[PDB]
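Given as structure tokens, the chain that follows is alone and in the form solved without this ligand.
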């Protein structure tokens, strides 16, 4: 048996950069108002994998309430989310991540994101796709007011 999951995340710009996307530090004018590192790509991926497990969302495992993972970075959370998902007997099929930002340009840093995620998930990189796209200057991303990320995932049994 196999399982579909889906992740969505948005953070607005604010403060001073740089920014944290897919574990990778990316140089940029502004930063991201967030309850943690605000790694939008990792959050969505995390929500997507938990969704395939039906373990709800990251908000559910890691409330601002629990003191246990309070102040953890996105890479930490993804590792713990994953271990819990694995506890349910699941393993990785594959994952696809879609970054939506007018700027900065992601491509230089994408190869590094995919390496970062594959370690955190202990899979081949063949199982990790990341990509970036614009909304051609339309919407809140277009006006450069924020970054958005979707992600999909397939878990196995």
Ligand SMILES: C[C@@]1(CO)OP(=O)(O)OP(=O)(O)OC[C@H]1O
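Numbering follows the first chain given and starts at 1. Rigid core (definition): largest C-alpha set, two forms, superposition within 1.5 Å. Residues that one form lacks are left out of the comparison.
This protein has a second form, the form deposited with this ligand bound, left out of what is shown; the following refers to that one.
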For this session: Look up in the entry with it bound whether residue 77 has a non-hydrogen atom within 4.5 angstroms of this ligand, and give yes or no.
Result: yes
Does residue 36 make contact with this ligand in the entry with it bound, using a 4.5 Å heavy atom cut-off?
-> yes
### is_contact(residue 62, this ligand) in the entry with it bound, heavy atom dist at most 4.5 Å
yes
Determine whether any heavy atom of residue 52 comes within 4.5 Å of a heavy atom of this ligand in the entry with it bound, and answer yes or no.
-> no
Those residues of 37 to 60 with a non-hydrogen atom no more than 4.5 Å from this ligand in the entry with it bound are 43, 58
In sequence order, the rigid core aligned, runs of at least 3 residues with C-alpha shifts of 2 Å or more between this form and the one not shown are 61 to 65
